[PDB]
């Protein structure tokens, strides 16, 4: 029959979970965001559509840090994204409290994975309306991840989700082939600023505001930090220049 | 959510009837017939075993006559399993009463309790009612021999003779026709077998398809005695009353 | 089925909007606030001549300086009144003073949206909204005489005059013209009595209608039949006199 | 989260039927045949080890389980439902009896306990009835040998012999013809093997058939000595070989 | 403690309970009725801890009265005492046990015989021809053991009781301000308004 | 064992004039024979023209004052900024204190 | 765990489950109550769908809540039992804490509250019962008669009836009861009650039971004959014309 | 379509929408207009109070959460009470435990998170009210816009409610002007009123009809109603 | 009525459609795997497909290390597989803590099968769309393979296969054993057992594999471990020098 798509934990005859797929739709309808794993860290960037001149510039920050070494950016229903970081933050706090060492990126990823997957087990909850790109540096270098509303996640060389994920992935794959030896924090920051600018075409209608953050074992000491001032403007230029 | 699959077992019909109770009764109406007849010197409980076999161990079987107390017994019509749940809680109420007052529980008090439990599954909890109807035969020093009846609704009433289960309409007419206040236990025993014998949906009325019990006050003693007839005893009496 | 706390496509809560319909079917209740006190009057509306009309209590005292009238499923209003009386008394115990009319109302309205089958926000145990609206009237040192209209929505409004119940829209239009910022308590009394008479299916007498008021001096009082009957007559006269 | 299914999933239909229970029975009907025969000095329960693949190890999956040293069970219907029932059965025999009276429960009582667990899954909120019918065989000092059948409804009845599952009707008929109240245990095992043969399509050997008995005490299977009153378990699962030895004189 | 005596004669049970209520250094009242009627034919006297004493009695009374209306029947004295014993037996292993001792005197209309039950706060129950709680037994039992007879008339009972009370007034250190007496028989419960000088 | 209480010394005084009132208190806070501070305010302005001081065990005195000040704040919130009359504050404080009837605020408070 | 809202509002502003609760009351056997000048009389009708019952033990209709108050009802018998118990318990509790038996109005207000509560609580359906409660307030001789329904609403009546054909019997009472001169006698009050029941019972000597309640816990139910004698003297009143 | 996916907040539509939330957002549009704007020294809330009858009052739409924070509501009043009360507690907690005033941006996050919980679980309903939060903290003047979907945004100015778009275009135009009304509250307020009027149509803001609140550098959040706002009509 | 297809209640035929559809989900990954038992080791081969070039190949796996001795390969969506992995690890760690010895492979399989059976009976819990294959060298049973499914069913195997092309792998293996007449790969080294495993994986699937097309797990006395791309390459080279 039908109706297999009205309840969350229901398997359709083809073994799918429609409510989780519908969530993905809300994710694709959101701003484009990305991640780039360099040789000693990771960079995060995201598009911020400027609805009007009334939005105080540089204020409504989207990227979030977890603990002190993890960055998270997401596309889709923003409130769902914050909800997931709050959990992440509790998850990292708990882990550190018992084991003393800050939570390893892979371990953190599964914590978020298990939690999100949990919201696809009952019909009393709704799946998350976001795809998240998060990562950082730990005992064994850098790690970049992307988590889907289904709870699925993997390690990535580069990742993107949202409105212009195709343009993004396209550019990311190029970088992957042309740099088998690994990009650098400094370089990834500029590159990321470009991918965002290019990917902004699928939304060239509204003006936007770029946001970048990074976690580099050499540029930030393995601590997550936002790219501001000079370094930021330098990347905005590098983009505006290669956008023509 | 779950609301979708909630049958709502405890609501009123536009006519002011309880759906589940009515259907449970409809269920009981297909159960083996059970009869209860009160004489001046005792009570008689007779029931027809619904479905049997050559291989069914009748000596060890019990599906319609249960001992609740030393002075109270019930005849069951409906879901045996449901009945056993109530039987057990019934047996406990009796012992709690005994422990508290150091006197056997008056027959009505025990029936009202059990009926109250049934009434509950009728007003709250969202669970299906028990598909059971009881005929209580008991004795107490305040009303002597008593005969009661309770059904899925939780309603109970007293009788001189009554039946529950299949073809009660016919059975009740036959009893109303030949019952006399001055009867004697033996008269009652004979009437009970005659009634079943005429309402049976089976070929003949053999002993391997009957359950029989009597509550008398043994003249040579001064106390009450319950007797759950054994296969042979049922076979005997069946020959005497002329059913062979 | 559908949740008891679902939003209609227009941004309204079904159970609450339907609640308002049940209230329309209720007996008319009117309140008028003057600088000399507030008057509250209701339509007894007995369902038979054998029903002893004075056992109809649709005007109750909350505290000495607060009283209220109800319209709709009146049985639903018992716990609201219980809650209100407890609130007013409790406040006095804690602060050695009188609860402000507005606060008391706000407390009652706080129960309003406490319904659901498991609404995430606390523990709203109540399967449906109340099916009755209230006219809360009183006096206090800060804002003097006040008249409030508390709905099952959880919102309340202050009025100089207000009618709720079956004859509400008709009666409200009336109050619009009749009310002015310098009415006297008596002008308010006769006025409430008149509007009731217009919308009541029955011929208003001191048996199927009840008046009451609240004044700083004597507090909330429910007018006894004899006192009201004299006012009925006085109305009939002033009316026949033009 | 949290089970918000606190209402019955099994209810009465206008005809008075309890649908879910019927369907469970239907699921039982598709199950592999299993039977039980009560002799004068023992009881035998048997079923077919319908291997779902030749790569699977048929031993690892036993359909005949020991509940207490004198009680065993076999089924027809949904194996997983049966597996958990067996765990619950073994535990209830301890919690609600052995830990109270210091002795294992008599067959009827345990069966009664099992039936209760099944009755509940017929009325409790948020669950479906168990899709299995069990045949429990045991022996106790005051009741001797017995054989019971427990249905998804929670009902149970004592039998002299019976069968459940796929070819229950045919098998039940064949048993009514060979059963008498003077059968010895070995005679019952024989009749069991014959009855089971009709219900089996392919291979019929001690590796495709599972059969256990409740008979005399097995001191050799006790594990220790020194306590006179402890003579060993009456429950014993026949070995692949022991079955073949009998299939020859079949 | 207070005086609590009970004497079971041929056709009735008599309960005598001291009237004094002392709190510290002062005797607050001298007309206290340490009794509660549980049912038309069942009376209960009591002594013990300051507040628990009446709280308990009234709790029992309410329960027996509720049973009477629900069943439209009066529980036998035996049934009532078993109910009371169980209440006390629960209370003894609770957070704060009721420290109350009681005498239950009733007339069993069905057996047509008077019955006396003594039950202490531990839930210890026993049926007797006569009994007491506290030190009362110590002074009066030798007299009762002596003059008591199963066929005594209510009048003889009241006389034996009078003798007991005089012994109590002679040898006991405290002034319990006399006793209030009550009789339970086939016709209910009545109070001997004249014992201040019988 | 652990003792939840302590004595911080100090003394306070409250005098009601006909149309004015005063609440004074030394500013010395002590522990046994030691001085913890020569200047540690003990009398406070709690708004709505009310002055208060809870002398005795300093931790409790601070907790109370802090709790009462918050009470005034919520009073305004819940009663359209109605000023809290001295008599109303007094009744309020009675409840604050009695709330810990079985683990008292070891202070003598005056307003 | 089960807390589904079973009693909810429908578009027209109705609570169907409570509406249907009343439908169950209409199906119940008729009950009537009329207050005299110094007594209240409660009459009920007995069904006959099945007759061969034991009248000694079968639960009767008029129940005592306390020695001075009784309660009769129409609707689901099982449900009525739950109300009687709660009321009886509340009657004892009230005596225990206020040191005075309940007034008839208090006891009625209580029952009504329990009923109202079941109209807006999850996981429960309303009581399919409507009641008549009557008696005399402690140390008062003025008769009291009240009525409650599934919704939780209540009020007092001079005379009232609930159950099947209550419409009919109410009319009789409406054009047969004078507030000016209420049945000044227990006898002329019990008669007015039987007359109102005969309009619907249709010759029911064993199908009619009356209970008389007087001040100071004076309650008693008549036996077949006593009533049968009232029916008799009444059928003559008709023929004598 | 929609009909089968708007029965509650725990259901996504085939296109990734949450109707119950969108329906909630609809209650806001049906609500009376309210405006907010801020210079670098002050933040002003100008809200048009709406009346039921001409015998009724004009429902209060401005609430104070602390001495340095407050908000204006549009939509389900009861919900604004719940949210404003929750906000009052957080501001209160911050002061008591940390002796620190809660940052306006922090209050925004807290609101968003409370609102979000009511859009992912069965049984609850989204809040049906819009909020404009203004306040002056350690980083200056701030104006926030809260949406029931859980989205909170920091703006220089904005408006919500019926015809809100009128005033919203005005402000977006007057931007460079009002954002510099530093040190002069009365001017800022006049600008607020000259914006709220851009959404009129029915009547014209009166004395018992207008409601204004302000907070700033040296101005504890305060509310002006009636005659106190006469000098602005 | 038609809801008997949404929650796990019986259908008129006595079926549980949700359990059936859950089985359908196990093939979503389009991955095939198989396990075989050596003389003293257990091996599990599974296809490894990494479609995206932006993925970090090293984080793509469906094989898990449940304990020092138990290994688990999962057929089905990764999020459900990771849910089952975490639970199994927890169950195994606790068993050791409470009972004093390592949880046996078969027992863990039974525990996981029982958990699944519950989702089969309780309405609020959905089944997990996965099939779990546990392997190890049990201290009492020797090389072991136990597999559970969404039905809550489980059994031990001499060898087994799972995935879209399960039937082909199975018949291949069946044939080999009918021939060899023993229930295991008579090899002393696990390296040769891994080679047998991959060889038959190729025959049955008619496909060639590079070192990055496979994923291998090996269970030996007191230790289960997975092979590296290079450990596998060495294996691939060996099978090459024979064909």
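Here the chain labels run A, B, C, D, E, F, G, H and I in written order, and each chain numbers its own residues starting at 1.
Operating definition for what follows: contacts are C-beta pairs under 8 Å (C-beta built on N, C-alpha and C of every residue); 3 or more make two chains touch, one makes a residue touch a chain.
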Hey, how far apart are subunit E and subunit I in touch steps, shortest way? 2
Determine which of the two chain pairs, A-H or E-G, is joined by the larger number of C-beta pairs in contact. A-H
Euclidean distance of C-alpha centroids - subunit A vs subunit B, Å: 70
Separation of subunit C from subunit I, taking each centre as the mean of its C-alpha atoms, in whole Å: 71
CA centroids of subunit A and subunit D: separation to the nearest Å works out as 56
Expected list for subunit A, residues touching two or more other chains, is 6-7, 118, 122-125
Check each residue of subunit G and list the ones that touch at least two other chains. 2-4, 6
Check: subunit B positions touching at least 2 other chains come out as 1-6, 8, 125-127
Per the contact definition, I'd like the list of subunit F residues that touch subunit H in the complex. 66, 70, 73, 77
For subunit D, which residues are in contact with subunit A within the complex? 1-2, 4
List the residues on subunit G that touch subunit E in their complex, please. 64-67, 85, 88-89, 91-93, 95-96
Subunit H partner contacts - residues on subunit A that touch it in the complex: 5-6, 8, 19, 22-29, 52-56, 59-60, 77-80, 82-83, 86, 119, 123-129
Along subunit C, where are the residues that touch subunit F in the complex? 93-97, 100, 102-103, 142
